[PDB]
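Trainee: Mind looking over this structure? Questions follow.
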Amino acid sequence: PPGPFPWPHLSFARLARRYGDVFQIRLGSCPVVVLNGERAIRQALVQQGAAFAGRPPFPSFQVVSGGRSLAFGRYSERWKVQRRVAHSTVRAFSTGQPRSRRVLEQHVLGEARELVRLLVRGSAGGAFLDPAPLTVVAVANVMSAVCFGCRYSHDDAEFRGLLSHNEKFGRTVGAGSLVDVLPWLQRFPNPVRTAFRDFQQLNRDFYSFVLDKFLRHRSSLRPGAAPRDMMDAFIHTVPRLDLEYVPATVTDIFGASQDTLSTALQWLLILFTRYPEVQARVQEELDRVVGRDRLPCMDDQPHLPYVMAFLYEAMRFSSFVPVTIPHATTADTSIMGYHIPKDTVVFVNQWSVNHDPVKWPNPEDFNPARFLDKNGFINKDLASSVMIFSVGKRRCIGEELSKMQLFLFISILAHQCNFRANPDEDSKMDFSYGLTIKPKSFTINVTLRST
Ligand code: HEM
Ligand SMILES: C[C@]12CC[C@@H]3c4ccc(O)cc4CC[C@H]3[C@@H]1CC[C@@H]2O
């Protein structure tokens, strides 16, 4: 592999155009490999998936979910069991339990209507507002209903703690990651360390919060009649797994859906405002198939080719998850002719797959018609090649869950309201990097619409 190069996610694409699809970088102490091409990634993660299905052993990882995290657990024989049930259980709720689709669809509807309420009221007359704090609230409330059944009221005190948990979490994860590349920072006092502690105590305070919900759920109506929410489904579905694994995976299912689905909606909104033509086409397609007397539902998703095309290309354009969770090699392997030793950290650049000019002819241009190939004038299945949920054995287990969720959100948001940009904000979607690519602070005006 090309020798370690010294110094965002765009920098990785700069070196791939010059030093090859695969190369090494020095991250302080640890050396790391980078995969940038769809060829180098599909090869490593799909073909040789079992070889790249590992995670680095980091300080940030273990405290999460009480050292039993699915997202940060090492590749092990018991981990494989943790995923199989985790993937199967979550798949059960999103699609397959006609009830869970309903129980989920009800929770998405409810919070989605609360969203247009607070969005319109906040834009009374000609007022503009920042939708970022509303998207995080809608995401946190919905996922609480999926994990714990109870969809709290926005003023509920316990719900205020969840919101307060996500904030500090996203604000201190940076320190938790700095220790992973600068482990000596813990050898003396400094602000990063003082923050790393706050991050580790957070995942303890929050795991106990979820462990409680588990106990109070377990010793409650146990005929097995129906899973109220994700918690029961995990209990019903239980090498051997310690019973403590059920709440450990739910702590990940919650923490995972937060920052991404929020950013997802933030992009879907700021895009409606910067491209009013496509917003119209989206708006036309809902009135034509669904009508004006009822709200959209999932059973219309097949009959809504453009709405999803807008979704799939919003994910491609933003690529708000530019780099996946760092992988580690399970054994020695070779990719593109290079030797790869074991226990080596390897990043996966999803941004390079979504902006490779050969694949996507005009990469930096927002055009949802890509996934609509007019010869059939129906949605084309190229979406599967959009890299945002990753690939292989560590791919997101909530892919088919967040697709329905987001589909129901923008379809309700666009079926009821008209999103206008702010004329003073200089257009030009400016990005805020780190975690996921959130669009830097913006404001929009949301008004109802008629037909
Ligand atoms: C827009 C929505 C989402 C995006 C873009 C997203 C993205 C990702 C990414 C980049 C990874 C790491 C893949 C890798 O390491 O190769 C991942 C893994 C994961 N996701 Fe998400 N995610 C989303 C929503 C969700 C949801 C809704 C859930 C749960 C219902 C979830 C749970 C997880 C878990 C548990 C993992 C770890 C899987 C593993 O390590 O084997 N995510 N996702
Ligand atoms: C790491 C990300 C933010 C933190 C998310 C998280 C946060 C906590 C957790 O226990 C699991 C996960 C898995 C999905 C993670 C996301 C995948 C991409 C995003 O950057």
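Going through the structure tokens in order, the chains are called A, B, and so on, while each chain numbers its residues from 1 and the ligands are numbered from 1 in the order shown.
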Where in region 237-443 of chain A does DSSP assign strand (DSSP E or B), given as an MDAnalysis selection string?
Mentor: chainID A and resid 323 327:328 333:335 338:340 345:349 372:373 378:379 417:420 431:432 438:439
Trainee: Would you save the residues of that selection, restricted to C-alpha atoms, as a PDB file, in the first residue's frame?
Mentor:
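Final output, selection.pdb:
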```pdb
ATOM      1  CA  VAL A 323     -16.957   7.887   6.152  1.00  0.00           C
ATOM      2  CA  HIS A 327     -13.245  -1.120  10.157  1.00  0.00           C
ATOM      3  CA  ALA A 328     -10.483  -3.506  11.209  1.00  0.00           C
ATOM      4  CA  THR A 333      -5.635 -10.233   3.118  1.00  0.00           C
ATOM      5  CA  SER A 334      -4.767  -8.559  -0.173  1.00  0.00           C
ATOM      6  CA  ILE A 335      -6.738  -5.976  -2.162  1.00  0.00           C
ATOM      7  CA  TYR A 338      -1.488  -4.865  -1.831  1.00  0.00           C
ATOM      8  CA  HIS A 339      -0.787  -6.757   1.378  1.00  0.00           C
ATOM      9  CA  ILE A 340      -2.946  -5.944   4.404  1.00  0.00           C
ATOM     10  CA  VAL A 345      -7.591   0.220  10.943  1.00  0.00           C
ATOM     11  CA  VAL A 346      -9.330   0.853   7.616  1.00  0.00           C
ATOM     12  CA  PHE A 347     -11.741   3.652   6.701  1.00  0.00           C
ATOM     13  CA  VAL A 348     -14.463   3.415   4.045  1.00  0.00           C
ATOM     14  CA  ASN A 349     -15.126   6.562   1.994  1.00  0.00           C
ATOM     15  CA  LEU A 372     -36.076   7.700 -12.805  1.00  0.00           C
ATOM     16  CA  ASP A 373     -35.172   6.235 -16.196  1.00  0.00           C
ATOM     17  CA  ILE A 378     -40.960   4.240 -13.160  1.00  0.00           C
ATOM     18  CA  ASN A 379     -38.345   4.165 -10.420  1.00  0.00           C
ATOM     19  CA  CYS A 417     -46.842  22.515   3.201  1.00  0.00           C
ATOM     20  CA  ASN A 418     -44.855  24.724   0.835  1.00  0.00           C
ATOM     21  CA  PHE A 419     -41.200  25.225   1.767  1.00  0.00           C
ATOM     22  CA  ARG A 420     -39.579  28.522   0.770  1.00  0.00           C
ATOM     23  CA  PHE A 431     -21.754  22.371   5.078  1.00  0.00           C
ATOM     24  CA  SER A 432     -20.844  21.727   8.713  1.00  0.00           C
ATOM     25  CA  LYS A 438     -25.139  18.772   8.490  1.00  0.00           C
ATOM     26  CA  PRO A 439     -26.134  21.841   6.446  1.00  0.00           C
TER      27      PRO A 439
END
```
Trainee: Do you know which residues are within 8 Å of ligand 1 using only C-alpha atoms and all ligand atoms? Can you write them as a ChimeraX atom specification?
Mentor: /A:70-73,83,86,90,249,252-258,260-261,263-264,315,320-327,348,388-399,401-403,406
Trainee: Given the selection you just returned, output its residues as a file containing C-alpha atoms, formatted as a tab-separated table (two decimals), in the first residue's frame.
Mentor:
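New file part-v6.tsv:
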```
chain	number	residue	atom	x	y	z
A	70	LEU	CA	-23.19	-4.07	18.27
A	71	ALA	CA	-21.85	-1.04	16.39
A	72	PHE	CA	-18.48	-1.07	18.19
A	73	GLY	CA	-18.06	-4.72	19.16
A	83	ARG	CA	-26.13	-9.19	14.51
A	86	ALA	CA	-30.48	-7.72	15.60
A	90	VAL	CA	-35.32	-4.81	13.23
A	249	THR	CA	-28.54	-3.56	21.33
A	252	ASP	CA	-27.36	1.21	19.93
A	253	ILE	CA	-30.58	1.14	17.89
A	254	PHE	CA	-31.52	4.40	19.61
A	255	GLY	CA	-28.17	6.19	19.47
A	256	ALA	CA	-27.69	5.19	15.84
A	257	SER	CA	-30.98	6.52	14.47
A	258	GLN	CA	-30.54	9.95	16.08
A	260	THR	CA	-28.36	10.49	10.99
A	261	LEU	CA	-32.14	10.74	10.63
A	263	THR	CA	-29.32	15.30	9.36
A	264	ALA	CA	-31.32	13.33	6.79
A	315	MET	CA	-28.69	10.86	0.10
A	320	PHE	CA	-24.05	13.11	5.09
A	321	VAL	CA	-22.30	9.92	6.23
A	322	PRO	CA	-19.06	10.47	4.27
A	323	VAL	CA	-16.96	7.89	6.15
A	324	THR	CA	-18.45	4.85	7.86
A	325	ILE	CA	-17.41	3.56	11.28
A	326	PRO	CA	-13.72	2.54	11.02
A	327	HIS	CA	-13.25	-1.12	10.16
A	348	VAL	CA	-14.46	3.41	4.05
A	388	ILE	CA	-24.65	5.73	2.54
A	389	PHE	CA	-25.76	2.63	4.47
A	390	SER	CA	-22.43	0.93	3.67
A	391	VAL	CA	-22.05	-2.65	2.40
A	392	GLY	CA	-20.96	-6.07	3.60
A	393	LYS	CA	-21.26	-7.51	7.09
A	394	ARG	CA	-21.31	-4.20	9.00
A	395	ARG	CA	-23.91	-2.48	6.80
A	396	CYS	CA	-26.65	-0.55	8.58
A	397	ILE	CA	-29.35	-2.80	10.02
A	398	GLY	CA	-31.80	0.11	9.91
A	399	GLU	CA	-31.58	0.75	6.18
A	401	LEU	CA	-36.32	1.20	8.46
A	402	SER	CA	-35.03	4.73	7.85
A	403	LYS	CA	-36.13	4.57	4.20
A	406	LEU	CA	-37.90	9.31	5.76
```
Trainee: Find the spatial neighbours of region 179-192 of chain A, counting only C-alpha atoms, within a cut-off of 7 Å - ignore same-chain residues fewer than 4 positions away - and output them as a ChimeraX atom specification.
Mentor: /A:27-30,58-60,175,196
Trainee: Pull C-alpha atoms from the residues just selected and write them as a tab-separated table (two decimals), in the first residue's frame.
Mentor:
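Output saved as again.tsv:
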```tsv
chain	number	residue	atom	x	y	z
A	27	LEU	CA	-3.43	9.11	12.30
A	28	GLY	CA	-1.03	10.17	15.03
A	29	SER	CA	0.01	6.83	16.51
A	30	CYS	CA	-2.15	4.37	14.56
A	58	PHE	CA	-10.83	1.87	21.11
A	59	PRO	CA	-11.61	3.67	24.39
A	60	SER	CA	-14.67	5.31	22.82
A	175	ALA	CA	-13.21	13.97	22.73
A	196	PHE	CA	-13.93	12.03	27.51
```
Trainee: Measure the distance from CA of residue 411 (chain A) to atom 1 (C, counted along the ligand's line) of ligand 2 in Å and round it to one decimal.
Mentor: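 So the two atoms, CA of residue 411 (chain A) and atom 1 (C, counted along the ligand's line) of ligand 2, lie 26.7 Å apart.
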Trainee: Got a sec: who's within 10 Å of residue 276 (chain A), counting only C-alpha atoms, leaving out chain neighbours fewer than 3 positions off, as a VMD selection string?
Mentor: chain A and resid 271 to 273 279 to 282 418 to 421
Trainee: Take the residues from that selection and put them in a file with C-alpha atoms, as a PDB file, in the first residue's frame.
Mentor:
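Saved file again-v3.pdb follows:
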```pdb
ATOM      1  CA  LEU A 271     -33.091  20.862  -0.636  1.00  0.00           C
ATOM      2  CA  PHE A 272     -36.816  21.560  -1.065  1.00  0.00           C
ATOM      3  CA  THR A 273     -35.982  25.265  -0.694  1.00  0.00           C
ATOM      4  CA  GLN A 279     -40.296  20.345  -4.916  1.00  0.00           C
ATOM      5  CA  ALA A 280     -43.199  21.061  -7.273  1.00  0.00           C
ATOM      6  CA  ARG A 281     -42.725  17.797  -9.182  1.00  0.00           C
ATOM      7  CA  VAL A 282     -42.703  16.062  -5.798  1.00  0.00           C
ATOM      8  CA  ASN A 418     -44.855  24.724   0.835  1.00  0.00           C
ATOM      9  CA  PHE A 419     -41.200  25.225   1.767  1.00  0.00           C
ATOM     10  CA  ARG A 420     -39.579  28.522   0.770  1.00  0.00           C
ATOM     11  CA  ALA A 421     -35.949  29.489   1.243  1.00  0.00           C
TER      12      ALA A 421
END
```
Trainee: Counting only C-alpha atoms, what is within 12 Å of residue 219 (chain A), bar same-chain residues fewer than 6 positions away, as a VMD selection string?
Mentor: chain A and resid 212 to 213 232 235
